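As given, the protein sequences belong to chains A and B, one line each in that order. Take 2 as the starting number for the first sequence in PDB author numbering and just add one per residue. Take 2 as the starting number for the second sequence in PDB author numbering and just add one per residue.
2 protein chains.
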Amino acid sequence: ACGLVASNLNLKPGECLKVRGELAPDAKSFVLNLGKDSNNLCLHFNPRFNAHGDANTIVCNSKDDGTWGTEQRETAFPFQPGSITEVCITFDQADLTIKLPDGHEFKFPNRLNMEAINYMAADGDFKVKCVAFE
Amino acid sequence: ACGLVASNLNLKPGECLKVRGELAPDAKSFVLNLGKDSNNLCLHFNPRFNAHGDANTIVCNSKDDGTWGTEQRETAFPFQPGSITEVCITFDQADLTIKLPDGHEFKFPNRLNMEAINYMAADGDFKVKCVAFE
Ligand SMILES: OC[C@H]1O[C@@H](O[C@H]2[C@H](O)[C@@H](O)[C@@H](O)O[C@@H]2CO)[C@H](O)[C@@H](O)[C@H]1O
Ligand SMILES: OC[C@H]1O[C@@H](O[C@H]2[C@H](O)[C@@H](O)[C@@H](O)O[C@@H]2CO)[C@H](O)[C@@H](O)[C@H]1O
């Protein structure tokens, strides 16, 4: 965990969290983590260019008290190394919604029944350049 | 309670940190802290509408291992309760430079000789809406 870590986010349901940043020239993997704290994540958002046996695949998971849940994978991969990218995230009682920069959108279940998101962290081959709250 | 806290900022000399946010309708005081950690601050930036015996005055200080340094006060006060505001900050070996939204700029000495800013925190009657790097 070398990237930006933010706490006291107070993101509420329906409010969009917009994260923009720079993908390394030789990016292999990058991560955006959201939740209560570092061991309790409603969203581990992990686009893998080539990491852990996945190629050009977004892997999402939850983390409950340090234990990873069951993974969800997405096919579309709107990212390129050496480029800027932007992701928007919101949530409700049921799911998190991830808005991808190619205009694609997908859902990830709110397994931990989180009513507020207080923690974000960036990791991997990504440097945050802008974080915005609606 | 404290607003947004961010660590692993990796702000280098000459790089600009842009913070935009909402001032409470009845704002009395707000704070932006920058430095290494919560006890070691190269910049405590505290516009006071009416707090601690100051009226409409920006109070700046450093904090070295929990101890406040010698205060610096600025006359101009380009802030209004209930409005959005934006501050931009950079630094070099000698000083921090604070760029105010009325176009004013002033300097605060880099007393702790910080070569990198790792930590930021918002506090008081201010809700961060956007943080951007540089
Ligand atoms: O689930 C998120 C974590 O996945 C870990 O890798 C998994 C991998 O995705 C899976 O296919 C299998 O190989 O088991 C691995 C367990 O280590 C990553 O190591 C971790 O960083 C998270 O992304
Ligand atoms: O120096 C920053 C801190 O100031 C504290 O208040 C000062 C006040 O500004 C000064 O005029 C004198 O009265 O001593 C006070 C206590 O040190 C604030 O309480 C603190 O929050 C910082 O802003």
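For each residue, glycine too, the CB sits at the ideal point set by N, CA and C.
Using 7 Å as the cut-off, classify the Cβ of residue i as near or not near the heavy atoms of ligand 2, replying yes or no.
i: A/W69; result: no
i: B/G36; result: no
i: B/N62; result: yes
DSSP three-state call for residue i: helix, strand or coil?
i: A/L5; result: coil
i: A/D27; result: coil
i: A/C17; result: coil
i: B/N41; result: strand
i: A/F46; result: strand
i: B/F134; result: coil
Might you give, ordered along the chain, the residues of its own chain that have their beta carbon closer than 6 Å to the beta carbon of residue i, omitting 5 neighbours on each side?
i: B/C17; result: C89, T91 and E135
i: B/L101; result: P79
i: B/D93; result: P14
i: B/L12; result: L18 and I118
i: A/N62; result: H45, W69, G70 and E72
i: B/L5; result: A123 and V129
i: B/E87; result: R21 and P102
Check whether the Cβ of residue i lies closer than 7 Å to any heavy atom of ligand 1, and answer yes or no.
i: A/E75; result: no
i: A/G4; result: no
i: A/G104; result: no
i: A/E72; result: yes
i: residue 171 of chain B; result: The first residue shown for chain B is 2 and the last is 135, placing residue 171 of chain B beyond what the model contains.
Would you say the beta carbon of residue i comes nearer than 7 Å to a heavy atom of ligand 3?
i: A/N47; result: Although ligand 3 was asked about, the structure shown includes only ligand 1 and ligand 2 as ligands.
For residue i, which residues in the same chain have their Cβ closer than 8 Å to its Cβ, ignoring the five residues on either side in sequence?
i: B/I85; result: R21, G22, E23, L24 and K130
i: A/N40; result: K64, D66 and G67
i: B/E106; result: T98, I99 and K100
i: A/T58; result: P48, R49, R74, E75, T76 and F78
Enumerate in chain order the residues of its own chain whose CB-to-CB distance from residue i is below 7 Å, with the five nearest sequence positions on each side excluded.
i: B/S8; result: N119 and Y120
i: B/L10; result: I118, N119, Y120 and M121
i: B/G104; result: none
i: B/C3; result: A122 and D124
i: B/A52; result: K29 and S30
i: A/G54; result: none
i: B/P26; result: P82 and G83
i: A/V60; result: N47, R49, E72 and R74
Please go through the segment 48-128 of chain B and give each complete beta strand (DSSP E) segment of 3 or more residues, from N-terminal end onward.
55-65, 73-75, 85-92, 96-100, 106-110 and 118-125
Below 8 Å, can you find three or more Cβ-Cβ pairs linking the segment 30-38 of chain A to the segment 25-35 of chain B?
no
Contact between the segment 97-112 of chain B and the segment 126-135 of chain A (3+ Cβ pairs under 8 Å)
At 8 Å Cβ cutoff, the stretches do not touch.
Count Cβ pairs between the segment 96-110 of chain A and the segment 43-59 of chain A that sit closer than 8 Å; are there 3 or more?
yes
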